[PDB]
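There's a structure below that I have some questions on.
The chains carry the letters A, B, C, D, E, F, G and H, assigned in the order they are written, with residues numbered from 1 in each.
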Amino acid sequence: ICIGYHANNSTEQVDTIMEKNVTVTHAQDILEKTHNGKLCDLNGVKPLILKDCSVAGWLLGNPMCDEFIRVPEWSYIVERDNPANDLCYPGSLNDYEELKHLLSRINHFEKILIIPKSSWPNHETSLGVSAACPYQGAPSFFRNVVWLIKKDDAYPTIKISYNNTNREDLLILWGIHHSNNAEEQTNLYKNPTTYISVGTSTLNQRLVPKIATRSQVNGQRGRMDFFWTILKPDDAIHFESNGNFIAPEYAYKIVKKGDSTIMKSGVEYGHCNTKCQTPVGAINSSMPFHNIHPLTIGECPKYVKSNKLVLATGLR
Amino acid sequence: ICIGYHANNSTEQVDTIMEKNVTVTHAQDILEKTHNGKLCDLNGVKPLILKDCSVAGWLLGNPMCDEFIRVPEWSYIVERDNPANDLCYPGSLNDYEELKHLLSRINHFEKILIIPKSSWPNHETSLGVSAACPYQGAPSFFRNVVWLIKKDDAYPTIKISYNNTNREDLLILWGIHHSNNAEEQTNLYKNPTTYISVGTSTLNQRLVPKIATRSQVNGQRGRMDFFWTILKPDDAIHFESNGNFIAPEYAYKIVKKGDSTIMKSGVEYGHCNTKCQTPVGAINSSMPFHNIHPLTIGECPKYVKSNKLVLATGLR
Amino acid sequence: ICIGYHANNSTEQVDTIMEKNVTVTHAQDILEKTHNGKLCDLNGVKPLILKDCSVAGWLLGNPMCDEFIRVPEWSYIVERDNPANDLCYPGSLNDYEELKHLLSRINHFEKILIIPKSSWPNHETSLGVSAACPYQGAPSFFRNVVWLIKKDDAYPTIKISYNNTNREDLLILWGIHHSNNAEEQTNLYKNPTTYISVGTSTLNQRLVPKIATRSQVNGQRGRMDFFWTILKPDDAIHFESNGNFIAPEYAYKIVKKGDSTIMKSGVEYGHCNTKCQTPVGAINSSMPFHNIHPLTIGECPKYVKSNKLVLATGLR
Amino acid sequence: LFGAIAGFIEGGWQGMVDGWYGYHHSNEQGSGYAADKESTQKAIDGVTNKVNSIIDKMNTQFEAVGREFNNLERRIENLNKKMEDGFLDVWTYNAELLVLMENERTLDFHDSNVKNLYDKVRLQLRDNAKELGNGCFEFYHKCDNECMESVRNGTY
Amino acid sequence: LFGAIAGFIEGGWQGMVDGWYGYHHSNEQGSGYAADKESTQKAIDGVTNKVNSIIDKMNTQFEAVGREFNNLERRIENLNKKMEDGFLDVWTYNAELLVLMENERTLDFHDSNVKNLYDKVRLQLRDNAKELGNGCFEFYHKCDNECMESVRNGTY
Amino acid sequence: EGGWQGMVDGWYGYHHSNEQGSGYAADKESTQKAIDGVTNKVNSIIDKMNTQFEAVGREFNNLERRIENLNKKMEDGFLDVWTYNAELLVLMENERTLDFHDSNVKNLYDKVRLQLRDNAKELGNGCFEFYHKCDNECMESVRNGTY
Amino acid sequence: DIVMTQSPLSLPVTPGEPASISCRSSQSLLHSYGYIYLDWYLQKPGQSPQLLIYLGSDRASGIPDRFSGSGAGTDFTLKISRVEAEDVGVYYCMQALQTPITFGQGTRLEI
Amino acid sequence: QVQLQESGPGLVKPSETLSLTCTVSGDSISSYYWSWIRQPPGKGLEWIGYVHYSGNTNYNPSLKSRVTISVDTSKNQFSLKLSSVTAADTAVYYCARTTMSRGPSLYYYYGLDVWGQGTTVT
């Protein structure tokens, strides 16, 4: 009857708790551990690659980030770890990390010109430039906001209300300029003491400039602290300000809202498609696990910080 | 002589890694998959079922939420997902989430009138009403605080110190009113620039109104930013203000402190007792697990998100 | 002949899933249940034991905590649960917990005199003393910051810029004094409306006092809110002020930044060396686990709350 | 695994109610099943201690606590949600894996109790009975109930 | 371990691929490797269910989500990274211990099934023949191809 | 129940009984394999647990109660699941280290019939005899496994 | 920097009248940390020069409130609102931006 | 209350070296740059040199060849050593405290706040 069992030629092996490198007959690998090493399309839609650009620089419209004026739909945003262009004039964006958290759930913006430059009869709209934000060598400024300056030795009170007639949320961006000294303000904003009051159904702000001496960053000692809000349908934002106002020009309709992420990597993009993606490379595979990178997007295997998983499906 | 094993008519099916739906003779279910469907008294102490009311509305004394003027000892507070009666006048409660966290440990408040209406000789107290907080159709306002409006076209500088002579912590609530324009300030307080200075052994607050244009929430464009603090025994709180002061009237002495939670449920109270409670019904079982809801309170089984969790305590 | 197995007199007992006391021949205890009970030197570097002192009191230079004027390198800071000498004058260090978090990564400070007292020609530097901070009974004040007071019944506008010429980060501490009342403010500074404007490449701070009524903690009703910043190499801090300025005198140079922790324990110090340390007492062992306390430091065993982790390395 | 339950003995035997792991009395004197109370008691003690162990090790399990966060602080709220979901997922994994890993080891421990009891009789007869294939034993010298009680009692 | 993977079956045959167990044949008619269809199919179904359970029961594994934090929020950033690393560590431990326990329970499942098809042959064989260690069941009487095939049928 | 207290060398062994001697010693091979397996078991148990969670002391002020509770519950939950994991393997691998340790106590008394067929009776508690009348040499070969 | 040109050489003005001395520079007086670095001094007929204002417009310690500076870059101006007696004396503007410190030419401010 | 006082002769030959010394009382020469000043009859103020308390000296480029400034922290004094006295160098020499301390790291500025009573030289 000669009871027994077979044995193949494969040299592959598994491991157990009491023994390791046990040679086996057939075994099933469950770890992919390979990637294309290129950013790829995710289910047909290409990502938003912000090359030498940042989320703040993109959204505020940095003059050195010009290829994102009519961005189409995407699935994930790719950014470098230390982008070159971000807030070209020195300053900050309040709740930047929260704005990025909300952009992680947004798949498409359509920028709409909400406040045309014809809506500033009594102020300058073509003099708020600086050498910290050059364009083609000549000075320039953020294109999605307008730095307003005195017209004829005067800065009249700016009271404008924008009602969100659209059927989608609007990401409205403004800011406050922090001047160096009283002389600099009086050169720019005639009123010595100024403010920016902002009101909405669910927001209340009263911003005052901090006229102080600061370090020279990018050749500039003033600081533009930018602010953002999301305005719901049938909700209106009320801007009052007598100075230091970095007014909105373009808002952003949130047209499509879904699943996304900010990838935070600088791998070169190849023309390719995948179901799963990681910052270092894509994953075309049906393995239950992977070990390429923790942060992933799409129908992916499950990350495991290891280098050898294998199920002993064979006899020995 | 022969040898065998027990068998019976039972179709108890268990699971293993090798095979599923393995019929066995006896099996013990370790998962409770049923609930009473009602909110029950936890060990005899009836909960605080805030019907269409919020923690902020109950604590500030919303005119619609007058059912809870005198609250006996409870075991858990129950709230709806989106209560209608919450901050009837538009505004916000600073550190609302922290206050709700601290009420997860408080099983009883005793309301004490700390500052009478006789404690405002040179101010108006009976005109502090609004249409956004109606009572029986007529306008009203939060009952645990007082809107101090000017008297005789004048607003003397409030300066009052309350000393915690009690042996328990006192939860004190006040606020600051934010007006639409300086004309509203002149018509309510007769002071263009106002402040509210609050001091304690650990608190140092200087609130200033943000007079601005905002949207019509509940028909009102003003905003009451409410603030709170906890006053320890042999500690005193010093209020000073020349305007915009939504002063305390009642405080909430923390008599009994223990274990509780802020449940979010719309289930009807059932006139029933339990040892464990869930936001979809009292469990009342001795089984080790339950797959009913993550959040519970009491001597509850341990939650596991599974549909079939049975031990094979019998033979095949 | 006969076949069998080994037996002995060993009373070693083992837990198993179906039997909770199994007399085995041999067993390897994998849990260390003992500690030396006294603080030891982690790899030869003795800790910074702030005896009856806090991080705030040490860093700001409390007069009672004068044993730490010069501090050698430390492996871990040790503080008691409720230090008595901590911000002797009433107040609060802003972002205290973040400062402790950053300090947990720092292994050495080289205190340097960044602003000598001779840098204050037009202000009094020797009258900034209080009884809340006594030294040898007589009144005193924090040693690493100078409380500047009016001279000649005047307080000229302070404007000082310090540029970091060293290759190391500088932790610079200042503060703002919140006065008792307006008459005290003009008695100390001769300026009703004061400010402190601090500027750096990143920091853009303005600090206005809060003149109000408070309680008598430590016998004083004024509050010194202290602030800190980290200044990078080739980065300049710019202080401007006209009152309430608790100016820097000494700043700590971050000369060695490795690994550390702020351990909380009142355990006494033994003149002993270790390799793993715990708040209750050092662990001189090489077992896989220990069950002494959750937080440890050094190359330690892993913490498990169990009382008997024994592995059956024998039969029966 | 040990291949006795649904093994050399093919099917269970109804009418065995005094205890699991029983016997069939079969001689000219009489008949009727009888239970091996020793192995039954050992099995019930083992399973009882096992169930006690699964309920004890699953005590001190993660208890989700409700928390609220404002319109901002969305990343911290997401961190709380993901932490609670992760602890729920790993504890669900632990429960759903320990039931399966202790249902195969339980049903094979029942298989153990039968295969090392077919061998308690093989070594207690040892060629004095033509042990067949189904699983019963055929005596060469037919023990009466007095003698056949020894194998249940383990005396011989 | 149940033995006979390295026990009385000292070596291993080289007959057929894709069948995880089998008999071997030897008589006057010839030889061959016709696998025991029942035991091999049982093992294939069982290990397929094992792999299916392994991949299914760890489908709710923690999914790390990128969260950015400000320079003055290093406590919460430390909290987030330690949360994510701890979840990754417990899930890595789970996978690396379930693939180090369901690989020795599979190696010993196949060992149990290897020995189980031997003692079935001895069980049906009884006294008319004598078993050898290497695997051969040598017969006093002469079984032809059909009479040996009866053993592989399961109806000897 | 069985075992013999007289032997000192080795976890598993034999007993001897013949006219020329009754003192008795162990198997080097089976005992070496058992000790190797147990050593690998211990090594793997410690190695899989070197990536365990390490609590870090984070401080929070009086108005970060809920974030402090979040940190406390996270730390205690990771500690609880790792306590569960360690207690579960000293409860599971211990049962398996008494069931493997019983398998290689049963795979040896049958070895003298499973590898030397039809030699003797199986008796009880793992005791096995020899039918053939023989001196030291066959006993020592059975010890060696070369017969 | 090297040249400081003070425009009046003798400003005539009566008591109770605003005065406005001016002092241009041949270089932008602005320190790297946003400080003007101009100093206005008064020399009375008998006493040595006295600091009036430093760093653009910051009054000195023991000086009356009537004195106040203005200007940035190169154009700078001292203002004496009250111009009471004992203000008679020569007023100087000094630059401390660079190492060659340079005072301006005097202005007598005749009563 | 820092007070500066000059010391030196009035009559000087037109070929040999001049020597003045400025003594400070009320505080030592500790933390500031100390500057010598000269004003001719009328005309305008001009500065000869300034010496840091450490010893670092910066001199006027016009007078660079002949000047030498010193300092003595022990005596709380600092001197001026105009060599080759020409008839142009007949003036009133003042003594000021610059009170700037614009070192590599610390920057501030209070001007020539304290002025000593000048001394005539011819």
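Keep this in mind: a contact is a pair of C-beta atoms (placed from the backbone, for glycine too) under 8 Å apart; a residue touches a chain by one contact, two chains touch by 3 or more.
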Recurring contact interface, reference B-D, options C-D, A-E or C-E [over half identical by residue number]: A-E
Pair with more cross-chain C-beta pairs in contact, given B-D and E-F: B-D
Whole-Å gap between the CA centroids of chain D and chain E: 22
Chain centre separation (chain B, chain G; CA means) in Å: 66
Chain A and chain F, separation of their C-alpha mean positions in angstrom: 57
Distance from chain H to chain E - Cα centre to Cα centre, in angstrom: 99
Per-residue overlap in chain H, given as positions that touch at least 2 other chains: 107, 109-110, 113
Multi-chain contact sites of chain A, meaning residues that touch two or more partners: 17-18, 97, 101, 202, 213, 305
Contacts with two or more other chains, residues of chain G listed in rising order: 33-35, 55, 60-61
Chain F-touching residues of chain B, taken from the complex the two chains share: 95, 97-98, 101-102, 202
Footprint of chain F on chain A - complex, ascending: 17-20, 305
Complex contact set, residues of chain E against chain D: 2, 53, 57-58, 60-62, 65, 67-69, 76, 79-80, 83, 87, 90-91, 94, 98, 101, 108-109, 112, 116, 119-120, 123-124, 126-127
Contacting residues of chain F [partner chain B, same complex]: 62-66, 69
Contact footprint of chain G on chain A as seen in their complex: 180-181, 183, 213, 216, 221
